[PDB]
Amino acid sequence: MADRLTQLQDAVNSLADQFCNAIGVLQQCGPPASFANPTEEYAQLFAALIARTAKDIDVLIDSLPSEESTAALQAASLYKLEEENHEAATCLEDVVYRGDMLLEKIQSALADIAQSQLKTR
Amino acid sequence: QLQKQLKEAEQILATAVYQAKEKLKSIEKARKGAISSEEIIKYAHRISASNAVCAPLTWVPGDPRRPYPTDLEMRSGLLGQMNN
Amino acid sequence: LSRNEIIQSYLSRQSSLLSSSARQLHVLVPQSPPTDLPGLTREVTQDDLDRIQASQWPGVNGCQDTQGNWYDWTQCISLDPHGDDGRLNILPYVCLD
Amino acid sequence: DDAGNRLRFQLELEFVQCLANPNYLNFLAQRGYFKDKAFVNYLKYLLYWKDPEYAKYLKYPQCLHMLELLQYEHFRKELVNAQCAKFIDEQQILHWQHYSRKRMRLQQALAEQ
Amino acid sequence: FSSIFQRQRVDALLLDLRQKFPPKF
Amino acid sequence: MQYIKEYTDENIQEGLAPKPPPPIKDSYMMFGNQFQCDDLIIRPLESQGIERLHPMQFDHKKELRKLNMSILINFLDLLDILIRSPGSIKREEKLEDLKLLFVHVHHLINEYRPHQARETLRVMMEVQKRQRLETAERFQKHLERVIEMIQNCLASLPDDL
Amino acid sequence: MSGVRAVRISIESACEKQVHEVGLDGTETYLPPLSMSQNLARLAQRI
Amino acid sequence: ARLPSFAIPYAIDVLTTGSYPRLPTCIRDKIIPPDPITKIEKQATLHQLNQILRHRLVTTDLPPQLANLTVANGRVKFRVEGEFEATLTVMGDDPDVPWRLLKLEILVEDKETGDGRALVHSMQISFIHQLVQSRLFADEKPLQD
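Rules used in this analysis
Residues numbered from 1 in each chain as written, not as in the entry; some residues may be left out. Chains lettered and ligands numbered in written order. Part of a larger assembly, values for the part shown. Heavy atoms only, no water. Helix = DSSP H or I, 4+ residues; strand = E, 2+ residues; numbered from the N terminus. Buried < 20%, exposed > 50% of the residue type's maximum accessible area, 1.4 Å probe, protein only. Areas by Shrake-Rupley, 256 points an atom, 1.4 Å probe, with all protein chains shown as cover. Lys, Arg positive; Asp, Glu negative; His and termini not counted. Charge placed at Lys NZ, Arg CZ, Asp CG, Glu CD. Contact = heavy atoms within 4.5 Å. Salt bridge = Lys/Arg side-chain N within 4 Å of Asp/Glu carboxyl O. Polar contact = N/O pair within 3.5 Å; in protein donor to acceptor, adjacent residues only side chain to side chain. Expected span 1.5 Å × (residues − 1). Buried area = accessible area lost by both parts, 1.4 Å probe. Nonpolar A, V, L, I, M, F, W, Y, C, P; charged D, E, K, R; others polar. Pairing = 2+ DSSP bridges. Axes fitted to C-alpha atoms, helices over the stretch in contact; angles between N-to-C directions. Core = buried A, V, L, I, M, F, W, Y, C linked by side-chain atoms within 4.5 Å. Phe/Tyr/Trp six-rings, centres within 6.5 Å; stacked < 30°, edge-to-face > 60°. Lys NZ or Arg CZ within 6 Å of the ring centre and 35° of its normal. Patch = residues over 30% accessible without salt bridge, like charges linked within 9 Å, V, L, I, M, F, W, Y side chains within 5 Å. Parallel < 35°, antiparallel > 145°, perpendicular 65-115°, else oblique.

Structure determination for this PDB entry is given in the record as cryo-EM, at a resolution of 3.5 Å.

In structure tokens form, the structure reads like this:
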């Protein structure tokens, strides 16, 4: 979850829910007639909410990606990234190898110093 | 005075090569398994078309769906039916 | 279903607005006649991959914006499409890990 | 044998994804088929789902973690208690709402600033 | 569903070891 | 619920008498209750079952904006139905009509779901690459420091001698 | 889809934060801090 | 009608290495005891313990009398040739861990006074093991004591 796409899905469903809620409120409750003010306030609030939801859906649509970046542009970039990841792997391996050799040398040197110091006693 | 300074150099290089070998172990595990991308996308669709590995977004306890097979899928499968 | 009351209707209001939400919108993007596999059909080249890796491409590598701030796919965009205090918060498109 | 292999395939895949269930695990523990060692040879045999070309088919994923957990055998002497099986169920379901809680945290952290 | 009976002397030596070297938690 | 007992009876044996794993199926299976035949498209098309309002120009963002505006205008026309003639036939069409529109607004954005999927792989790879190089550089800096550390200690030792 | 080319990715699984116990009402306790010499103390105790 | 997001990192954890780290480990930690230590890791930890033991011995005032020491496999093997065998080993870091007295042995033997049996029963050897372990936990200059 937590994507712009799930936000857009929930916004569209909230639009449909505001449609059903707006009709079910503004038909069930009203002042009778003449051949109330709370109902008028309800109508204004519902219209404002529907407009805001529409604007948000439009903004999220603008936000997602274009009809450029077709799937082949993703695939070729993926191929190039696999090659460069191989090269980065071998480079990391080389630096680790040099560090390992240096570490084994200094370790053996320190062991020999300790052996001499214990043998002198 | 040779010993103590050689020891602190040894310790710093030891932690450095240790973290580097951690990342190298993870790279070598990734080297063992290499799958085509469309197989990963297809399997991700089968794993999360119905909410099997990640929960539905509006879930309250008492909802029937579960991340395990469920009683109905068990009682209606080939395993429950065809042997009984 | 049968009855909607002030408190319950206001509950519907706050729940719907918390689910949903001077311009500060994204810069508009036109139609794109050059697309890489079907439309323009570029033989696999190299400028396109270098643009998709390093440069700023506003349809592919991110979402651009008025006031200039660039946002790639892993970031969350804060905007205000209305003239209110309420801010739209577009979540990240990818959500790495 | 095409039909025998087909039925063995489908029946085994429903069995392992069924074995994702902690409640079916408690049923198998209390009804006591775990102490049979034909069953432990079967559970050693079922680890061919870990291959990628066989895990391509497992729609319910957790089965494999519990399948490793079944091979331990101190595990199968356990799970006869319903309290530990209920605990495993609570942990599975509470892990399952993970990304949802990540969504809630991210939306509130965006909401405050 | 032993003790070889020279352990009296070793034991007295253990008591002398307890006194000459006390335990320290 | 049951336990496959014939194959577990088969498994208790020695020698080579136990059985091999079954071969992979590349056709219709019957797992659970649905079929889940392989080689399925991730997004099964809209032409299999319902109408299709949009041509092959299919520039997704424009048609999504079009479908948003069409949903709102058909809601306004449903309000015109409820004002003028509630007993008309058209409202049934109208209560079907925007339903079809809502289906398309879901069906387009589900077509962003493979793309999003592919794209998250791409950024994961980029982040993966970057982290490797960062560790490399980190380690090399440590290596350099260790080298010069050893050097200055060696630079100290004939000065003791 | 429509016969999109597949390329062999080899993605490192991100194993940074491993949840140990999921608490009731949220609040996971990520137990391992991934230490270095305490690994030596663990494996020295376990021998 | 809507299709939820594809949850790729779980599928990456499936298809590359066929398991699931993502589940709370309190299942396996509460029910199952931890896995027994293999080989390799054993040899590496023993080698690191040998190095730590060398560096800890060169700092402490070791008894220079007749205690020839061999760091053999994480065990310093303090053995005076006449009478006494000790095996010592540190558990954790270099500065502050005390010593463990893994095996104590008495080399003094006469097969006639002790009537063809050992001079000291394992009861008394274990008693001296506790006493010298306590005086190691007194945390003085330990090896002299």
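Read on, since the account is not over.
J.: Help me out: how do you make sense of the overall build of chain G in this one?
T.: If you tally the helices and strands in chain G, you get one helix and one strand. On the principal axes, the C-alpha backbone points of chain G span a range of 55 × 35 × 15 Å. Relative to its 47 residues, chain G shows a buried fraction of 36%. In the structure as shown, chain G presents an accessible area of about 3,100 Å², 54% of it carried by carbon and sulfur atoms. Measuring between centres, the 5 positive side-chain charges of chain G sit 15 Å from its 5 negative side-chain charges.

J.: I would appreciate a short explanation of the interface of chain A and chain C in the present structure.
T.: Interface size is often expressed as the accessible area that is lost when the parts come together. If you look at the interface, chain A gives 38 residues, while chain C gives 46 residues. At the junction of chain A and chain C, the tally comes to zero salt bridges. Our count for the chain A to chain C interface comes out at 10 residue pairs in polar contact. Mapped by element, the contributors of at least two residues to the side of chain A that touches chain C are α1 (4-28), α2 (37-63) and α3 (71-120) of chain A.

J.: Would you explain helix α3 (residues 90-110) of chain F in this entry?
T.: One turn of the α-helix equals 3.6 residues, which is why residues spaced by three or four share an orientation. Along its 21 residues, α3 of chain F runs 30 Å from first to last C-alpha, staying within 8% of the 30 Å computed at 1.5 Å per residue. Of all the residues in α3 of chain F, the buried ones are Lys94, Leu98, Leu100, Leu101, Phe102, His104, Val105, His106, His107, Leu108, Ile109 and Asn110 of chain F. Contacts made by the buried residues of α3 of chain F are with α1 of chain A together with α2 (60-84) and α4 (112-160) of chain F.

J.: Whenever I open this one, the interface of chain D and chain A confuses me. Can you help?
T.: Contact residues are listed per partner, giving four residues for chain D and four residues for chain A. Regarding the contact of chain D and chain A, the summed buried area is about 370 Å², with carbon and sulfur atoms giving 59% of it. Run the count over chain D and chain A and you get zero salt bridges. In this structure, the connection of chain D to chain A is made through zero residue pairs in polar contact. Classifying every residue of the side of chain D that touches chain A by side-chain character gives one nonpolar, two polar and one charged.

J.: Explanation requested: the sheet that holds strand β1 (residues 78-80) of chain H in the structure shown.
T.: Sheets are built from strands paired through backbone hydrogen bonds, the pairs being either parallel or antiparallel. Residue and element names in this part refer to chain H. Strand order in the open sheet formed by three strands is β1-β2-β3, with antiparallel pairing between adjacent strands. This sheet does not close on itself; its edge strands, each paired only once, are β1 and β3 (99-106). Adjacent strand axes in the sheet meet at a mean angle of 15°, parallel and antiparallel pairs treated alike. Taken together, the three bridges between β1 and strand β2 (residues 84-90) define a ladder with antiparallel strand orientation. Within β2, the residue paired with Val80 across the bridge is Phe84. Strands in contact with helix α3 (residues 41-57) are β1, β2 and β3; relative to β2, the strand with the most contacts, it is inclined by about 110°.

J.: What is the right way to look at the pairing of β2 of chain H in this model?
T.: Within a regular strand, side chains alternate between the sheet's two faces. Residues and elements named next belong to chain H. Counting buried positions over the seven residues of β2 gives six, a clear majority of the element. Linking two consecutive strands that pair antiparallel, namely β1 and β2, is a turn of three residues. Of the strand pairs in this sheet, β2 and β3 are connected by six bridges, and their pairing is antiparallel. Among the inter-strand pairings, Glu85 is bridged to a residue of β3, identified as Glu105.

J.: I tried to follow the arrangement of the chains on my own but got confused; where do I start?
T.: Here the protein chains form 20 pairs of chains in contact, of which the pair with the most contacts is chains A and C. Contact between chain E and chain G is absent, and the minimum C-alpha spacing across the pair is 21 Å.

J.: Is there a simple way to explain the pattern of salt bridges in this structure?
T.: Close approach of charged atoms allows side chains of opposite charge to pair. Under the defined criterion, the tally for this structure stands at 22 salt bridges over all chains. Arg65 of chain B is the partner of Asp63 of chain B in a salt bridge, and the nearest nitrogen-oxygen pair spans 3.6 Å. Residue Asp71 of chain B is joined to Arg75 of chain B by a salt bridge in which the shortest nitrogen-to-oxygen separation is 3.9 Å. One end of the pair is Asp71 of chain B and the other is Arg75 of chain B, both in helix α3 (residues 71-75) and four residues apart, which spans about a single turn. In this structure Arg75 of chain B comes out as exposed when scored by relative accessible area, which is 51%. A network of salt bridges, in which partner residues are shared, links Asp58 and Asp62 of chain A together with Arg65 of chain F.

J.: Looking at this model, I keep getting lost on the nonpolar core. Mind explaining?
T.: Nonpolar side chains tend to gather and get buried jointly when the protein is soluble and globular. Counting residues in each nonpolar core, the largest one holds 82 residues, and the members touching the most others are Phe15, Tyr24, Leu28, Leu46, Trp49 and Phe75 of chain D. It is helix α1 (residues 2-19) of chain D that contributes the most residues to this core, seven residues altogether. With near-sequence residues (within four places) excluded, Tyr24 of chain D lies in contact with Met74 of chain B, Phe15 and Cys18 of chain D together with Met1, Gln2 and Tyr3 of chain F. With 43 residues, the next largest nonpolar core counts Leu5, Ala11 and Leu60 of chain A together with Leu25 of chain C among its residues.

J.: Explain the packing of aromatic side chains here, please?
T.: One pair of aromatic rings is described through two measures. These are the centre distance and the angle between the planes. Taken as a whole and judged by the stated rule, the model has 19 aromatic pairs over all chains. On the basis of an interplanar angle of 40° and a centroid distance of 4.8 Å, the ring pair of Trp73 of chain C and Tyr93 of chain C is categorised as tilted. A residue pair is termed long-range when its members are at least 10 positions apart, and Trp73 of chain C in the loop between β2 (71-72) and β3 (77-79) and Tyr93 of chain C in the segment after β4 (88-90) qualify at 20 residues. The two residues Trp73 of chain C and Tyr93 of chain C agree in class, both being buried. With centroids separated by 6.2 Å and ring planes inclined at 35°, the aromatic side chains of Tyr42 of chain D and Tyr45 of chain D adopt a geometry described as tilted. Here the residue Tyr42 of chain D and the residue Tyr45 of chain D both occupy positions in helix α3 (residues 37-45), the gap between them amounting to three residues, near one helical turn. There is no split in this pair, since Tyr42 of chain D and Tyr45 of chain D are both buried. Taking NZ or CZ as reference, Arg13 of chain C lies 4.8 Å from the ring centre of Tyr42 of chain A, over its face.

J.: When you look at a nonpolar patch on the surface in this model, what are you seeing that I'm missing?
T.: Residues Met69, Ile73, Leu76, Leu79 and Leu82 of chain F make up a contiguous nonpolar surface patch of roughly 410 Å² in combined accessible area. The topology assignment puts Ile73 of chain F in helix α2.

J.: Is there a simple way to explain the side chain of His82 of chain C in this structure?
T.: Mapped onto the elements, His82 of chain C comes out in the loop between β3 and β4. A distance of 3.2 Å separates the side chain of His82 of chain C from the side chain of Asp56 of chain A, its partner in a polar contact. Once you skip the residues sitting within four places of it in the chain, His82 of chain C turns out to touch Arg52, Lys55 and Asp56 of chain A.

J.: In this structure, what is going on with the packing of α1 of chain D against helix α5 (residues 63-70) of chain D? I would like to understand it.
T.: In a pair of packed helices, the angle between the axes and the distance between the axes together describe the arrangement. Residue and element names in this part refer to chain D. In contact at an axis separation of 8 Å, α1 and α5 are set at 80° when each is read in the N-to-C sense. Of the possible angle classes, the one that applies to α1 and α5 is roughly perpendicular. For the pair α1 and α5, contact is made by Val16, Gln17 and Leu19 and by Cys63, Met66, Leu67 and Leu70, respectively. Residues belonging to the contact of α1 with α5 are distributed by class as follows: six nonpolar, one polar and no charged.

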